[PDB]
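The lines below spell out each chain.
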Amino acid sequence: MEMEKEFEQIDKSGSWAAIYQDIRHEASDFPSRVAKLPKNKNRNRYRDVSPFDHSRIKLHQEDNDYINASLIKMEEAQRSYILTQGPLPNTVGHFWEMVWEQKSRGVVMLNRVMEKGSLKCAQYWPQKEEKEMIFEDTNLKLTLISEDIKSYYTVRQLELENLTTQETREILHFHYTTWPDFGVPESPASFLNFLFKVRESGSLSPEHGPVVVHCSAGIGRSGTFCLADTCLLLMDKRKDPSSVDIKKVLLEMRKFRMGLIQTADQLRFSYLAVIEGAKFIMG
Ligand SMILES: O=C(O)c1ccc(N2CCCCC2)cc1
């Protein structure tokens, strides 16, 4: 079926939970043996969210190459994304090592450091120009260059230096600051505006390594971001845009990381975002 009318048919019939459970039942199951090794317990935020072995990002280290991060490679859309958990106190250096090694231009953050009164990820970037951060375990230096605070999101320019080689690179930090503590946003308009700002920066384009996207577990909000981006790109590329099937795209993405889209409300929000976004792309 088309998307917008499938949408009203699920709303009128109140069957979002049943649609979402079907997706969960049909989703891929692949091994995640490296994630579960005892030496990696303090590298995982949640025991039930792990990268598959076949798609995990490897750190360029011989001691321990593990990080909780996955490469989502979308062949028809010609887009790639790295989805990862919010960094932990003992993985902030690994996080920036990955950004460096994978040649990423942008980092997309969809959570606040504290939500619901608890810490959802480490404070992993510097908050003042004159107070830079040094990650001694991976030999990197990170400096805040500029910051632009808007009503729904903040964009930061960061300088990452590889202290071994003295090479430097400019990284863009895109921080969506207004996702509610509970539920999903009422309107997708600010989320779509944010997606378009990431696109306009070059961070999603083939001349750079994959964008790094995270929330707390790296599967819910993060899944919503890449699912909406890929569906809208496919609607522009195909002769028949009404052939784009958001449930099939989501199942393809779940071949590369488990659990993408965590609730039926996130599934409905993803439909809403793609539907509204497809009208703005043209008019
Ligand atoms: O009939 C439809 O459902 C339909 C869906 C998407 C669409 N596009 C137009 C071209 C790029 C943006 C969305 C056109 C038609």
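Residues numbered from 1 in each chain as written, not as in the entry; some residues may be left out. Heavy atoms only, no water.

For this deposition, the record names X-ray crystallography as the technique by which the model was determined and cites 1.7210 Å as its resolution.

**Examining the site of the ligand**
Around the ligand, a shell composed of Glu-2, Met-235, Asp-236, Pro-241, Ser-242, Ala-278, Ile-281 and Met-282 is seen. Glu-2 is positioned with one of its side-chain polar atoms (N or O) 2.3 Å from an oxygen atom of the ligand. For the ligand, whose accessible area on its own is 370 Å², the fraction buried by protein is 70%. Secondary structure elements with two or more residues in the shell around the ligand: α5 (221-237) and α7 (264-282). Looking at the shell around the ligand element by element, the count peaks at three residues for α7. Looking at the shell around the ligand residue by residue, the class counts come to five nonpolar, one polar and two charged. (Near = heavy atom within 4 Å. Polar contact = N/O pair within 3.5 Å; in protein donor to acceptor, adjacent residues only side chain to side chain. Areas by Shrake-Rupley, 256 points an atom, 1.4 Å probe, with all protein chains shown as cover. Helix = DSSP H or I, 4+ residues; strand = E, 2+ residues; numbered from the N terminus. Nonpolar A, V, L, I, M, F, W, Y, C, P; charged D, E, K, R; others polar.)

**Description of the pairing of strand β3 (residues 79-84)**
Burial analysis of β3 places five of its six residues in the buried class, the great majority of the element. Relative to β3, strand β2 (residues 66-74) is paired through six bridges, and the arrangement is antiparallel. Its bridge partner lying in β3, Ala-69 is registered against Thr-84. A loop of four residues connects β2 with β3, the two strands running antiparallel in sequence, and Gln-78 in this loop sits at a positive phi of about 60 degrees. Where β3 meets strand β11 (residues 211-214), four bridges bridge the pair, whose relative direction is parallel. Among the inter-strand pairings, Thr-84 is bridged to a residue of β11, identified as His-214. (Buried < 20%, exposed > 50% of the residue type's maximum accessible area, 1.4 Å probe, protein only. Pairing = 2+ DSSP bridges.)

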